Every structure is written in C-alpha cells, then in structure tokens.
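Written out below as structure tokens is the structure these notes cover.
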Amino acid sequence: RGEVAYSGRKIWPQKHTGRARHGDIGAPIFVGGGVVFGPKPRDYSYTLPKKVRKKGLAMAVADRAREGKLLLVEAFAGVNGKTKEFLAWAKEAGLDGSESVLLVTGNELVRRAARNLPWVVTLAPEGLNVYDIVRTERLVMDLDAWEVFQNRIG
Amino acid sequence: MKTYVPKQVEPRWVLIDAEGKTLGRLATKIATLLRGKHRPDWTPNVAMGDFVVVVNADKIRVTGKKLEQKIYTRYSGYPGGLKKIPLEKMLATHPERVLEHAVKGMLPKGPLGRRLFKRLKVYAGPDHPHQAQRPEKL
Amino acid sequence: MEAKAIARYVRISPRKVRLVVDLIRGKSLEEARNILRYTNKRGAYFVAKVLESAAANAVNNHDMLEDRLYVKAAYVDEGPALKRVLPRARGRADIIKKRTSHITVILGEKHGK
Amino acid sequence: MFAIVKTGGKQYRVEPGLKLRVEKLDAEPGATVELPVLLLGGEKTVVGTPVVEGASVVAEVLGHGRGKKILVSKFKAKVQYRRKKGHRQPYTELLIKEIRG
Amino acid sequence: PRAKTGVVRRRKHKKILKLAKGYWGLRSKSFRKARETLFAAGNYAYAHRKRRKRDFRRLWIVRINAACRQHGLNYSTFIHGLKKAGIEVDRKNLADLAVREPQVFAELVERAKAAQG
Amino acid sequence: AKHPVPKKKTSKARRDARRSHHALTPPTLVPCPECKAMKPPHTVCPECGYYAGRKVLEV
RNA sequence: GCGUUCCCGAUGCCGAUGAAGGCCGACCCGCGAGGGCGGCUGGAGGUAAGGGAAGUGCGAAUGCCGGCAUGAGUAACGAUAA
RNA sequence: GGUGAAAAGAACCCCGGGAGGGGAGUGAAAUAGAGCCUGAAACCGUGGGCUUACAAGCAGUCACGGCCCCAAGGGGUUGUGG
Ligand SMILES: [Mg+2]
Ligand SMILES: [Mg+2]
Ligand SMILES: [Mg+2]
Ligand SMILES: [Mg+2]
Ligand SMILES: [Mg+2]
Ligand SMILES: [Mg+2]
Ligand SMILES: [Mg+2]
Ligand SMILES: [Mg+2]
Ligand SMILES: [Mg+2]
Ligand SMILES: [Mg+2]
Ligand SMILES: [Mg+2]
Ligand SMILES: [Mg+2]
Ligand SMILES: [Mg+2]
Ligand SMILES: [Mg+2]
Ligand SMILES: [Mg+2]
Ligand SMILES: [Mg+2]
Ligand SMILES: [Mg+2]
Ligand SMILES: [Mg+2]
Ligand SMILES: [Mg+2]
Ligand SMILES: [Mg+2]
Ligand SMILES: [Mg+2]
Ligand SMILES: [Mg+2]
Ligand SMILES: [Mg+2]
Ligand SMILES: [Mg+2]
Ligand SMILES: [Mg+2]
Ligand SMILES: [Mg+2]
Ligand SMILES: [Mg+2]
Ligand SMILES: [Mg+2]
Ligand SMILES: [Mg+2]
Ligand SMILES: [Mg+2]
Ligand SMILES: [Mg+2]
Ligand SMILES: [Mg+2]
Ligand SMILES: [Mg+2]
Ligand SMILES: [Mg+2]
Ligand SMILES: [Mg+2]
Ligand SMILES: [Mg+2]
Ligand SMILES: [Mg+2]
Ligand SMILES: [Mg+2]
Ligand SMILES: [Mg+2]
Ligand SMILES: [Mg+2]
Ligand SMILES: [Mg+2]
Ligand SMILES: [Mg+2]
Ligand SMILES: [Mg+2]
Ligand SMILES: [Mg+2]
Ligand SMILES: [Mg+2]
Ligand SMILES: [Mg+2]
Ligand SMILES: [Mg+2]
Ligand SMILES: [Mg+2]
Ligand SMILES: [Mg+2]
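Protein chains in written order, with the entry's author numbering: chain BF, 54 to 207; chain BN, 1 to 138; chain BW, 1 to 113; chain BV, 1 to 101; chain BU, 2 to 118; chain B5, 2 to 60.
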C-alpha cells in the first residue's frame, strides 16, 4: 500500500457525496493501488540435518547400485577433452546413450569430454548430491571419486 | 410405467330442474356435474363435463328466512357505494342469477372454472328454447 | 442473388433512421425511390443515397437488371459513438453521446416466370 | 390377455410381450428368466378372476435385455447460507421383456 | 507466481447460464439473475417431485370414486369392502381398470359389496 | 436529477411495447399527368407544373 | 476432494495431419467442484504420470477501472431587440 | 502496446460532393483492410420457429395436451391445471 507511488490526499470529502467512502488512490481496491498480500523477496533455505544430508547420499548411491546401475570406473583413454574420444570410450564402456549418466571424476579433462553430451551430467567428485544422483538413470564414477564419497562416510 | 388419458369426447348435455330443492344443496350437484367429476375419465386440466341446463328457475325453496336476510353485496361500484341486494329482489326483478351465483362460488377460480361456468345454462322457465338434446337428469 | 451497399459511420442515431428504413423494407426499387423522395426525415437523404447505390452495384456489378430488383432486405447498426461534454448548471457537466449509424441495404431480383 | 404383477413395492399390469424399467434385480445376466407374482388373470377368453393377493401359483414369464440404466436429475436443496447441489441421482433402472401369462 | 482469474469464472458462469436458458429476462441473461432463479427452480422441482407422487394418489381416487359411484357406492365403502376382503391390489393407480376394461372393475365392485353382505 | 424519479429500469419489453405506435407512415403520392413520375396530391411538382399556373421550364 | 498460475519430471512428450483461448452439443465419466468426447472458430503454443510452490477461485464491500443500458426520442437548444 | 513472413496496404471501373461501399486485384488467411491477432459478456439489430389481445404476476416448478426440426426416443416452445 504505502510502497506505491501515489499521494495521500483523501480523494473525497468523506461524508456528503453518495460516492463510497475512500482514502488514497493507493487503496488496494483501487486498481492502480498496491497489492495486499503480494509476495515479498524472502529466502527459502533451512538447515537439513547433516546426519541426514549424508544418510541421504547413502540411499542415493545405494539404490542406483542395487539396480546395478552403479559403476566404478578407472580406465579413461580420453585426453585433451575430446567429445569423440569420450563417446568412443562409453561405447565399449557400456553406455550407448540410452540411460542418463551422472559422470563424476577428479579429471577435468574427462569432464570436458562429456561436458557436452545431452545424455550426461558431468560433476566433480566433491559435488555429489542426492538430487543429481537421483536425477540421472546411471551413476558412473572414478575409483578415486568413490573413495572421497566413501571418506565422506565409511 | 403407465398413463391414463382421454381423447376428444363429445359434450353430453343435461336438462334439469328440481325447483322443489334448496339452491346450493342443488347448485353443488350441478357444479359437481359441470366439471366432469362424475364421469370416470378425469382430467382437471381438460374442460370436459356436462353442458347442464336448468329450467323452471326460481320456485326454489331456501330454508329459513331470507326475507332481506340473504343480502347480495356482490356489487361495489367504486366511489363510495357497495350496492346491496336482498333475495326477494333478484327473484322478482329477474331471478335466475340467484342460482347462477350459487354455482359460480362452487366452480374453480381459473379461466377454466370461468370456462365451466360458461357451460351452465339457467332460465326462469319452464322452457329452455335452446336445446336439441335435453337429457333431463333426475 | 443480391447486391449489397452498407455505408458505415454515418452520424445520425440508429433509432432515428431505422424509421425511414422500415419504410422500404422489401419493396420495388422503383417505389422506394419515390417514397424516400417524399419522406420528411433526415434518414431519407442517407438511406436514399445508399439504396440508390445498391442499385448501381446490382447492375454494373452483378448484371441483375434494374427493372426487376427491389429491397431484399435492409437494416441499420450502431456505430462507435462520439462522447461530448455538456456544461451543466452548477458545474455538473455531462457526456452527451453523438451516436452513429451503419446503414446496410441489399437489393434482389423480384421474379421470372 | 391381461395381468397385474407386483415388483419393487409397485404393481403393474402387463400384456403378452413388452416392458420398461422395473428396478434392479439379482437377475445378474441379461439373457435370463424370472417370474413375478400375479394379481388378476385378465378377463379374456382365458379367465378374468382376481382374489386375495391372487397367489394362485400362476405368474408372468419375464426375460430382460438390461443393464443398470441411469438418468439426469440434479437435486439442489437450498436454504439460507446453505446450498447443497451435491446431488445427482440417476437411479438404477432394470429393463425387462414380459413373455407369457 | 500470480494466479490470474484468467478463464475460470467466465466458464463457471456460462454453466449456470445454460442451466437458466429460456427463462424470462435478465433472469436468463445475468450471471446472477439466473443464479437466484435456478435456486427457486431448485426446491421447486424437488418439492414437487414429492408432490407429484401424492398428486396422482388423489388424481386416481377421483376416477375410482367417480367411477364406482355409478354402481351405487362410495369410494369409501368400496375400499373398505376390499381391505376386509383381501386385495393388496388395485393400487389406487391400477384402478385404471375402471376405465380400460370396466368389466374387470365390475366384478371387483360386486366383489366389494360382497365382503359387506 | 431531482424530485420525481424512475423507480426501476424499464424492461426491454415495456420499452419496445411503448413504441408500438411509433411506426412511420409512407407518404401519399399519385400518378401525376404529363410525366409518369410521382408527386403528392394537391401539389405542384417542379417538372411539368400545372395548367394556368407556372412551374419550372417546359416546351 | 475439484480447479487456477508456477517449478521438478524436460536436451522429454503433444503440436499445422492445427497448440492456447473462444462458440456449440440431447454424449460419456464423477455425489459434487470438475473431468473427457464430438462439431464449428482459432493459428503457435502446450505440458502426463507423481510431486513441490503460491499474488490461487467474487454476486453483493453506496467497492475500484472500463463498456453498455433505463429514464427518452422525453427536458432542453442560454435573455420575447423580429 | 500487437496488420502481415513480406506493404504486396487495395491499380482500374461503378455508386457517392465526401465518406463509405460493390466488383476487380495482393495474400496462407481480408469475418488479417489499418488504432487491423484472437475477439468473450452486457447492450442494439435483421431473418426464422413456437407463442400471445377475458386475463391478476419473485415469473418458476410438476403434470398432462398442441405446434416445429430425428424416432417404442429427444430437443424447442407453452395452453390449461396443481
Ligand atoms: Mg504513501
Ligand atoms: Mg507521484
Ligand atoms: Mg494527511
Ligand atoms: Mg445514495
Ligand atoms: Mg498506471
Ligand atoms: Mg501496481
Ligand atoms: Mg560431517
Ligand atoms: Mg552435457
Ligand atoms: Mg546438477
Ligand atoms: Mg338485481
Ligand atoms: Mg444515380
Ligand atoms: Mg444549463
Ligand atoms: Mg460555472
Ligand atoms: Mg450410473
Ligand atoms: Mg453447493
Ligand atoms: Mg481473483
Ligand atoms: Mg421459497
Ligand atoms: Mg393414497
Ligand atoms: Mg426486443
Ligand atoms: Mg505467467
Ligand atoms: Mg544445460
Ligand atoms: Mg513427436
Ligand atoms: Mg496458460
Ligand atoms: Mg455455433
Ligand atoms: Mg471441444
Ligand atoms: Mg480448441
Ligand atoms: Mg502434477
Ligand atoms: Mg499441483
Ligand atoms: Mg490476489
Ligand atoms: Mg463479492
Ligand atoms: Mg443511489
Ligand atoms: Mg462505472
Ligand atoms: Mg445515459
Ligand atoms: Mg416522460
Ligand atoms: Mg412532455
Ligand atoms: Mg419542448
Ligand atoms: Mg507477418
Ligand atoms: Mg485472422
Ligand atoms: Mg480483429
Ligand atoms: Mg500471429
Ligand atoms: Mg463478434
Ligand atoms: Mg422475429
Ligand atoms: Mg383468455
Ligand atoms: Mg367479464
Ligand atoms: Mg384469448
Ligand atoms: Mg395471463
Ligand atoms: Mg406471485
Ligand atoms: Mg411445464
Ligand atoms: Mg402453471
């Protein structure tokens, strides 16, 4: 109401006009007026229990693995970030591009490799998170990576 | 599911007069007659019933005394007067009505009862110069 | 068959001309002419002109032949009105509406046995 | 022939071949036969005798190509601030085919 | 996210309008003159379906009575003549016999007075 | 804006109903001698004119 | 429980072999809010399952903004110096 | 605030003082023709169907009957009656 840009004059004398009684054209029943309970810029975060934030990443990796879609990799012939080389790899790597693939590795070069494949979500190891894990159909990660994720909870 | 409707009948009249009767005690029976309340092919919305004709008007008994005891306010002109009329009058000065009125206040209020009253045909007879098929009822 | 005319945004209240118009609805072109010719109203001069053109069209454009045509139908519609302020006593001020009209007229051929 | 059978707390008069709704019956299938009570023979050259509930054994033979029907309706009670349009009744119908008397 | 009134309403009204088509004036042109009507129309129908039932109850008695009155007897007497006789029948309605096939009725009448011999 | 005032919007019915008697009336014209044109009765129309009386122009 | 706007589902799926919205319908499905089907219109968007968020539903506040009515072809047409 | 992909924005003839129109022509579309997408409602019309000048009303509802478009049914209207 006050946030609006109008005057505060009282449009009408208030008592002998027949017209309805009124304040300023800022009144929210005045079209031009200000919104009543409009949305105000506010934050949405809260602190989800750490001990849960993790037990959650647990169920993450877990599930995917129980359905056998979890895969600890190691052999990476992909160099100097080359989409081809990577695509080639995955092929014999057993990933033709049918299921979405969350690729996580401490190797930025490989990162680049698939950094552009529509069916892949490349993610540094320290970025693992239940969303993306769940988001993709298949989780694939460097041995190193699987270790840190393990370090994050053994 | 069922239904029970009558087609276009044929008005079967009736000539009648029991001037030895009390109007009303009679009128009713006449009215009862008017609308087909006796004829078992009822339809209150149709307008089928006897074309009742009463002859030898008046001569009608009328219980206790209505020697000006029976008044006919019926008429309310408009400016200040509600002209009243005792029986004796109507009897002498053109009767018939006597019975007519008795019938109106027995026939329903709608354009029908209005239509039914159009059936009744009373005269100060005997003599009903107006029939081709008088089926005198008792 | 039929020849149309329609002269939009005339500037005369509908109600006003609808009158001259209903005066010729369905009639010999030959007759309507005379009619309007001596009908004392303002609509005349308007519905006149139009109806006169429907004729033209009828011929020039649809080869219908004057002599055989009449007034298949005709009617009038409200147009966008011009609001105007009218100084009222004690500074009241009102909005007068100079209404406007859409006169449509459609000729047609009468018969041929 | 004439006849008057009772079904669903209601009684109808039937002839030698026809019918309409009658109200849901455990006659589960369409092509099935059921016989409802009778109340007045029919007077024709075959009889014309009624009697106390006419429970004279004889009944009507009825088949029935049906399937729980329905129908519009809309029952809107309404007082005052009280509205309850919350009602749609189609009512289950049961079509029958009257056979013999 | 600002949820505009958008369409919703218009539709919400077209509905009620259809319902009130053929009515008198704004009664069938006003998103609300209509409403108000459809309300009366509400109970009216409902209250009537209740009437109609007992409407014919009476609608028949007349027939029955004004039918068996021809055989010198009261619908009153008549009925009783049955109850004390036995006849979960006739159904004031099915006394349609008094009209279609009146001979069927005849036996009944005579059947009636019988119980009152 | 003052004393006596409409107590209800008049129904589109009674509105038209009031106009029943508004219908215009066709003028009344007649043959007219010389020209096979039209003129209203008892009138000198500017074309042929009259006899013993002037008008427009002719020969 | 039903709907409205929005996000996840979406580098997805419908979509000119016609989206959204509109205008019809005596069909079907829901107790109902509504949900489908079909036919004209429209011409470029739409958004499942299952979930998450709200500026989320109007008939009344002499509400506010706009449009159009009624009175009404009525009163008037502003000095009786012509 | 929004023509259209593009002005290709309507040559020429006709009616008309003009304005507007009718043909012609452009365009996928002109009920896309210029404060031009879609175009709802109120509101004003033309045509058609049923219906009304003896009858008393919150305007509807129930019931029969008649008239008009598809047929052991439905729609539309409504003359009496409740
Ligand atoms: Mg302020
Ligand atoms: Mg300011
Ligand atoms: Mg102040
Ligand atoms: Mg006031
Ligand atoms: Mg502003
Ligand atoms: Mg604002
Ligand atoms: Mg920790
Ligand atoms: Mg990528
Ligand atoms: Mg991510
Ligand atoms: Mg007298
Ligand atoms: Mg000319
Ligand atoms: Mg003034
Ligand atoms: Mg001043
Ligand atoms: Mg059902
Ligand atoms: Mg409700
Ligand atoms: Mg709202
Ligand atoms: Mg009430
Ligand atoms: Mg009973
Ligand atoms: Mg009208
Ligand atoms: Mg939005
Ligand atoms: Mg991306
Ligand atoms: Mg596709
Ligand atoms: Mg939308
Ligand atoms: Mg349509
Ligand atoms: Mg549709
Ligand atoms: Mg559509
Ligand atoms: Mg959802
Ligand atoms: Mg939701
Ligand atoms: Mg809000
Ligand atoms: Mg409100
Ligand atoms: Mg006021
Ligand atoms: Mg306003
Ligand atoms: Mg006004
Ligand atoms: Mg006046
Ligand atoms: Mg006056
Ligand atoms: Mg004057
Ligand atoms: Mg374009
Ligand atoms: Mg278009
Ligand atoms: Mg447009
Ligand atoms: Mg577009
Ligand atoms: Mg439109
Ligand atoms: Mg008409
Ligand atoms: Mg009448
Ligand atoms: Mg009279
Ligand atoms: Mg009449
Ligand atoms: Mg009336
Ligand atoms: Mg009343
Ligand atoms: Mg009715
Ligand atoms: Mg009624």
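No residue lacks a Cβ here, since even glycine has one placed at the ideal position from N, Cα and C.
Collapsing the DSSP output to three states places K69 (chain BV) in a strand. Nearest C-alpha to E109 (chain BW) among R8 (chain BW), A44 (chain BW), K27 (chain BW): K27 (chain BW).
In terms of side-chain proximity, the C-beta atom of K144 (chain BF) is found no nearer than 7 Å to any non-hydrogen atom of ligand 7.
Within the DSSP bridge table, the entry for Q11 (chain BV) names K6 (chain BV) as partners. Between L20 (chain BV) and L95 (chain BV) a beta carbon distance of about 7 Å is seen, short of the 8 Å cut, so the two are scored as contacting. At least 8 Å separates the CB of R12 (chain BN) from every CB of chain BU.
Along the stretch 7–35 of chain BW, the alpha helix (DSSP H) occurs as fully enclosed runs of 4 or more residues at 14–22, listed in sequence order. For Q104 (chain BU), the chain BV residues whose C-beta falls within less than 8 Å of its own C-beta are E43, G48, listed in chain order. For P47 (chain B5), no CB of chain BW lies under 8 Å from its own CB, so it is not counted at the interface with that chain. Every residue whose beta carbon comes nearer than 7 Å to a heavy atom of ligand 8 appears here in chain order: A167 (chain BF), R168 (chain BF), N169 (chain BF), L170 (chain BF), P171 (chain BF), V173 (chain BF), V174 (chain BF), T175 (chain BF).
Going by C-alpha positions, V60 (chain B5) is about 12 Å away from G50 (chain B5). For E19 (chain BN), the CB contacts under 6 Å within the same chain, skipping 5 residues up- and downstream, are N56, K59, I60 in chain order. Taking 8 Å as the threshold, the shortest C-beta distance from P41 (chain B5) to chain BW falls below it. Distances from the alpha-carbon of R165 (chain BF) to those of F129 (chain BF), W65 (chain BF), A111 (chain BF), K122 (chain BF) put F129 (chain BF) closest. Relative to the Cα of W65 (chain BF), the nearest Cα in the group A141 (chain BF), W199 (chain BF), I78 (chain BF) belongs to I78 (chain BF).
Rounded to whole angstroms, the gap between the alpha carbons of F139 (chain BF) and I206 (chain BF) is 30 Å.
DSSP places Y76 (chain BU) within a helical segment (H, G or I) once states are collapsed to three. Relative to ligand 9, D185 (chain BF) has its C-beta within less than 7 Å of a heavy atom. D127 (chain BN) is classed as exposed because its beta carbon has fewer than 16 other beta carbons within 10 Å across all chains shown.
Not a single unbroken stretch of the alpha helix (DSSP H) spanning 4 or more residues falls wholly within the stretch 72–113 of chain BF. Per DSSP, reduced to three states, the secondary structure at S12 (chain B5) is coil, with no helix or strand assignment. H23 (chain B5) counts as exposed, since fewer than 16 other beta carbons sit within 10 angstroms of its beta carbon.
As a beta-bridge residue in DSSP terms, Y70 (chain BW) pairs with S28 (chain BW), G108 (chain BW). For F90 (chain BF), the number of other beta carbons within 10 angstroms of its own is below 16, and it is reported as exposed. Contact annotation for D41 (chain BN) against chain BU: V100 [CB-CB distance below 7 Å, chain order]. Look at the beta carbons and you see the stretch 75–94 of chain BN not touching the stretch 5–13 of chain BW: under three pairs across the two are nearer than 8 Å. Look at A80 (chain BF): its beta carbon is at least 7 Å from all of the heavy atoms in ligand 2. Taking all protein chains shown into account, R35 (chain BN) has 16 or more neighbouring C-beta atoms within 10 Å of its C-beta and is therefore buried. Taking 7 Å as the cut-off, one finds no heavy atom of ligand 3 near enough to the beta carbon of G55 (chain BF). Under DSSP, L62 (chain BV) takes part in a beta bridge, and its partners are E34 (chain BV), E98 (chain BV). Around the beta-carbon of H87 (chain BV), fewer than 16 other beta-carbon atoms lie within 10 Å, marking it exposed. Under the 8 Å Cβ criterion, the stretch 155–162 of chain BF counts as touching the stretch 187–206 of chain BF, having at least three qualifying pairs. Using a Cβ-Cβ cut-off of 8 Å, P7 (chain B5) does not count as an interface residue toward chain BW, since no Cβ of chain BW sits closer than that to its own.
A direct Cα-Cα distance of roughly 8 Å separates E15 (chain BV) from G101 (chain BV). Apart from sequence neighbours up to five positions away, the residues of its chain that approach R62 (chain BF) with a beta-carbon distance below 8 Å are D77, ordered along the chain. For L18 (chain BU), there are no C-beta contacts with chain BV under 8 Å, since the nearest C-beta of that chain is about 15 Å from it.
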